[PDB]
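> structural data only, the sequence is not supplied:
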Ligand SMILES: [Cl-]
Ligand SMILES: [Cl-]
Ligand SMILES: [Cl-]
Ligand SMILES: [Cl-]
Ligand SMILES: [Mn+2]
Ligand SMILES: [Mn+2]
Ligand SMILES: [Mn+2]
Ligand SMILES: [Mn+2]
């Protein structure tokens, strides 16, 4: 499953449908990024630019021109064919092949953008530009507008209105096509296989980074070369650090390990967290915390559907957490009073759900306190956790326990579809999986 | 093998020894780098900052103050301890632990750098600063100097002299300590194991990226989490593209695959290229080109020693290449005339050797045409190649063949030590290795 | 005659009337400008900021908020009262006195603009901002919008639409109120008195700058402290340089002097050019060129009215010029063919008319080739000239003659009113004025 | 009196004498400065650039190259000859005429600076650059150095050392040549004539700006077109504001007027303050304050000589002031205790003396608290004042009195020479001058 030229074209058209007549939208590629000295990081295209192109080169700009309500066309600026640069650094699409390959009407050399962009904007009423997204892009846009403003003697005129297209595009991205959902389903499966593998490989004495290695190898073998974010492998007290990515410690017999990892597959992210015993067996204390987090996730998965909200479901989770913590003596008092005091916050300090798509923590408006009403096509994580610090004023057996369990779901007409349920999370199933692996 | 606190301190002292009395050297950490939206790439410390600290955090500045020829001290600016930021994003060294951990005299909060830096520079004659290395660093330095220049009424004075420390530091980095060489030896071994693994795993029908996966997994298992540069897996015609990193193609029965990959181990790079048949057996045409490249490497490895140069050894390689290409009918004419015409350049278009250390294409002055006389402690690659384009005007059987073979060496008192010879390169040894693997 | 608080308020209201509901307009003051080291040039307020305020301080921002179609209000950011800064550098309006003095609803300290501006823009749909007018302003606006864009968790929202208010404001400025015209009339009178004075003072052997001195003194005595542009005193060959401002030469018996000078009176510009003989008597050659330029001006003054255009009147001037130049042997051939060839351009190379107001070369759309139809309330210069270079291929007696004659007019219901006719321009009147002065 | 080509050359040579062998000094012209829209302020050359050139154009750079201790040469970058630009905006020196006119060895087009500057710096050890003086200059220098740093394959090398030449040049400027002193003497005379004129013209009912007009006209007539700083005409309570430049008030019968004004003559500044009664007669209260300020100035003029300091002389002035204020009941207590408490500071809040030259508040090191030992050739102001605020807690008759009296002096072998004593300052002489003028 991937995204086709025809879909990128439909997206461009859907944006054009929302634009004023006499306007142009400018969408810029990500710059290349230095790792050290003359070496660059592996290229990651800007998500919005990707969304409208599927084109994985820097020094590229998509220009959508809406002349009026019937006439529109597209111009791509992109790197020219150059034998020498290509022998050295790789093949370039170039101008001749781009229109057919990408489905754009015209292609021009990026090297000519300053000579050409102002000509495309001349006489328009509106320019759609994500101001402040990239410095290099702002420079190009501001220079073109300045030429037009200052060019009255050459009969040039600048569009006086600049609109940030990010709100409109981010609303588009918030609602996935069936094809996007198919890609996300595969990302979920790949990510799940990686997590299963980490559970099956984990042994006391291995380093946290060894599990990262197993995960990244599994991503790669299914064609997801890169993770969607830096893999977290937090064992023991490291599990209480939310974005722990050092992954430098030896994993101890008797500790839990929390793994938060996701692949990037054809542009789309998986995002799974599983927490499990390093030695294959939850202690009683570990199991007691684990059960609360799992009940939180399982209830959330029953509830998520069109017409509810992240906020509403979060309320249910908070009650489950407070109730469970009171039962274990971690919190003390009346459950309703404790809920009213947000007494769970020292142990569950983050949100339950984030949008998912081309990015983790994907784009799109949440509403105040994530109160936006859910509709079919929205894709989100469900990630309850409890983190009991090593020095927390709680019964000693719970100190240093960090547990999160996270699935990715898509809202459907009738509820939700869980994209990541093919990696186990019930404690007895985790133990059985690890017992079986440990016998080999 | 790694680098100790005591060694980082010796390096700081060696720099101070070269500084004028009444001076300060300012060494800035790398900024964090966005991958997409709110996700950052895995952090890579600035190599020069690393060289003097072994400290892997952003928002840090090392200040070496040489008050006079006997008195000097060090101040580190680094991120403060912060419970919340650390629960979220990871542990920070902070100010209390830094002096003992890093061996610096004093540590201050990075948040205070603008309030404190000018006070450290006040009254000095010279500031050593790598101007233009980082924008954020230039802003900090320029602001401090401006405060001093403008502060005569507060009895402040700016150092009038600014010296770029990069030439001095890069000369330091060019000559490796025994401890650095030990780390580089391990990087070489790890990188070699990865290349051996790629040869043993390669089969027709696998994707180029599968070999990348095997390599990165092997790096990781030995504790080299990250590659030192983006892995190149160029099969068939892709092998003729020097920095081919797409790695997207299905590897064909009958093609060669060129793999250029290296790990980063405790800050130090491996850098190995091996080229081998996807199906385990060189064709005659492939073998004929391979032999020339191998003879080039083997001769280079015999020759490299103190008192010669990259330029001198390159001359020997050029003769081997021209002679071999004439013998195969790829070049036509008199060898000496062809050498005089640089007739090899269409097929061997890059340098034979690059410095190696904390970076691939490491720092240090090469001399005109890489004519600098080699001395013990220098570390370099040896990377002859021949690339015959698909459309080259040569006997048809050679078209689309890209071969490079690269080892990493250290110049010793008596010659050189090859750090990467534990992965095979003789064609009969490559074939035997692959035959053995293919029987499993 | 000046502009009152009530008029500045009417202007603000007229802008608000044109704004979308749920919007804010941001109008920034000019920065102070260094002349040398710690000395600044005399402050000149930004014309658009002045137009809406009559407020002559830097570090000030006018914010017009249109909450909806009935509710709107104004906020001024301006420098705080500060005893010490004021003892040193002058009085400041401050926040307490500003609402009554300027007629704005609220005033806040400029020092608080970054803490307050985003709060004013939060939740609005549209921001009107002259992007690129001033760097310091762009920084403030971009920072506020970035806070809002990034502030969804604090329930902040940025206006997605940014509109350049310059086209709307410049159209406002193009049409003068009766009060503006009264100020411009006085500027014209003051400027005329200065030019009369220069003619009455001019003698052979005086320096060009002496006439500048007389002019500036005359401006000052009527309360126009500053010129509206750098005074031009171009005698002999210097008269052939359009913006000659060196004014460094000794004025020679037998040469013409061209004086282009205008005052700034209560914000509004005069702009007059007169050319006259240094010795009080036109030579025959000088008179022959002068007559053509004068006929051009006199015809233009008869013609300018509502419903014609600068382009149309320019056509009449071009015919007068070509006809006259043919008559003198400066041009050769058929007048209509020469007109068709724009054969006048070597001698008359600039436009006939420019808008006049708060600036010379005032704001407002001219139309292609200055073809915009004139309407009552427009104010413009009328400035024909002929410049015969010292090396021009023309009868020798004309070489080195530069003549321009310029009046300022306002278009009225029935024609135009000449604001600068109180300084003579008929050659016999110039001679009589100078003869009378030279007898004293 | 002016400065000759030969002197500019001696200055360049004196700088070169202080430079390291294998170095270049870069001195940049001031940018042109916008007043409003398309109109620029009258051009003021950068004082340091002027000091080495006497060249009054923007877009110019002086490059002094010291190849070694015997060989050096100069290159000027400056605007090219261009017929059209010159017809419009004025004559340009160009490249052909510059070497002879300015005494530089070579001249190149400013438009070529980026193509040429790096070539001039290539291989040098040291670049002298005033970093942060101008943004446009920093851009040019940083770009050239970056080309060199990055150009090792083209055998380019950047100078690693950058030295701010401002301290050395400012020390040069601090000591005036006899020719500079002659120019300063003329500036003093011109400025004095202007102040005499203001006293002779002043009448009750005139505006403060009228006196500015008289002053500027007097500057102009002697060939000092521009003031060296914005003229201050502070009558009544406005005299208590140190840099009062509004000059907007009607001068009242019974008030004092303080005039601080100076011309710029051939690059060099005058700087005179006189305070006098608007109606020609000091009141008793006015005279009582005036006498203290005058005694302060007269004592300072007796004392200033080589081997004393501004600090030492200031001590004498403070005692005179405290003693006088105690005598009038403005201060109360023991003089020595009051001196120890700096009890004069509410009434005399600024320094006694500032360096004078190409700038007011001229360049050069003062020492802590202006303690530097004076030597022949130094030029400075002497400017005691007393300012009694309208609301000061003092005998009512003194409130709202602002008096400053300022002369310009040059330190000589035997004492000082007063450059501005040709405008009167003894109260009886002021009254006699004004009485005589008021009878006309
Ligand atoms: Cl291109
Ligand atoms: Cl910090
Ligand atoms: Cl303020
Ligand atoms: Cl030029
Ligand atoms: Mn996650
Ligand atoms: Mn390599
Ligand atoms: Mn004019
Ligand atoms: Mn003064």
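That came in fine, so what should we check first? Residues are numbered from 1 along each chain as shown, chains lettered A, B, ... in the order given. Ligands and ions are numbered 1, 2, ... in the order given.

> residues contacting the closest residue to residue A:113 other than its chain neighbours?
Excluding its sequence neighbours, the residue lying closest to residue A:113 (CB to CB, 6 or more residues apart in numbering or on different chains) is residue A:77, at 4.9 Å. Backbone N, C-alpha and C define where each C-beta goes, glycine included. Applying CB atoms under 8 Å, 6 or more residues apart in numbering or on different chains to residue A:77 gives the contacts A:60-61, A:63, A:107-110, A:112-113, A:116-117.

> just to be sure, residue A:77 is in a helix?
No: following the definition DSSP: H, G, I helix; E, B strand; the rest coil, residue A:77 is strand and is not counted among the residues of a helix.

> hey, what's it bridged with?
With DSSP bridges as the criterion, the beta-bridge partners of residue A:77 are residue A:61, residue A:108.

> quick revisit: ok, which of the contacts of residue A:77 also contact ligand 8?
Filtering the contacts of residue A:77 for proximity to ligand 8 by CB under 5 Å from the ion leaves nothing.

> among those residues, the buried ones, what's the ChimeraX command?
Only the buried members of the contacts of residue A:77 enter the following ChimeraX selection, criterion being 16 or more other CB atoms under 10 Å in any protein chain shown:
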select /A:60,61,63,107,108,109,110,113,116,117
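
> in a markdown table: the contacts of residue A:77, plus distance to residue A:369.
A markdown table is the format used below for these (distance: CB to CB, whole Å):
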| residue | distance to residue A:369 |
| --- | --- |
| A:60 | 38 |
| A:61 | 37 |
| A:63 | 38 |
| A:107 | 45 |
| A:108 | 46 |
| A:109 | 48 |
| A:110 | 43 |
| A:112 | 48 |
| A:113 | 43 |
| A:116 | 46 |
| A:117 | 42 |
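
> could you check how far the residue of the stretch 1-150 of chain A found nearest ligand 5 is from ligand 4?
For the stretch 1-150 of chain A, the residue closest to ligand 5 is residue A:47, as judged by CB to the ion, at 17.4 Å. As judged by CB to the ion, to the nearest Å, residue A:47 and ligand 4 stand 45 Å apart.

> that residue: neighbouring residues, count only.
By the criterion of other CB atoms under 10 Å in any protein chain shown, residue A:47 has 20 neighbours.

> these two touch, right, it and residue B:35?
No: distance between residue A:47 and residue B:35: 10.4 Å, which falls outside the contact criterion (CB atoms under 8 Å).

> what's the closest non-adjacent residue to the residue of the stretch 1-150 of chain A closest to ligand 5?
Spatial nearest neighbour of residue A:47, chain neighbours left out: residue A:358 (4.1 Å); criterion: CB to CB, 6+ apart.

> assign a three-state SS to the one you found, would you?
Counting by three-state DSSP, the three-state call for residue A:358 is coil.

> next up, the contacts around it.
Residue A:358 makes contacts with A:47, A:50-51, A:173, A:267-269, B:36, as judged by CB under 8 Å, 6+ apart.

> distance between the helix or strand harbouring residue A:13 and the chain's centre?
Assessed by DSSP states H and E, residue A:13 sits inside helix A:5-18. Distance, stretch centre to chain centre, for helix A:5-18: 22 Å (CA atoms, centre = their mean, to the nearest Å).

> burial of the residue in the stretch 1-150 of chain A positioned nearest to ligand 3, as a residue count?
Of the stretch 1-150 of chain A, the residue with the smallest distance to ligand 3, taken as CB to the ion, is residue A:132 at 26.4 Å. By the criterion of other CB under 10 Å, residue A:132 has 15 neighbours.

> just residue A:397 next, same as before
By other CB under 10 Å, neighbour count at residue A:397 equals 15.

> repeat for the one 4 residues further on
Around residue A:401 sit 28 other residues, with neighbours defined as other CB under 10 Å.

> correct me, but it touches residue A:286?
Yes: because the distance of 6.2 Å satisfies CB under 8 Å, residue A:401 is recorded as touching residue A:286.

> which residue ranges make up each domain of chain A?
Each domain of chain A is listed here as a residue range: A:1-173, A:174-440, per curated CATH domains.

> thanks a lot, see you next time.
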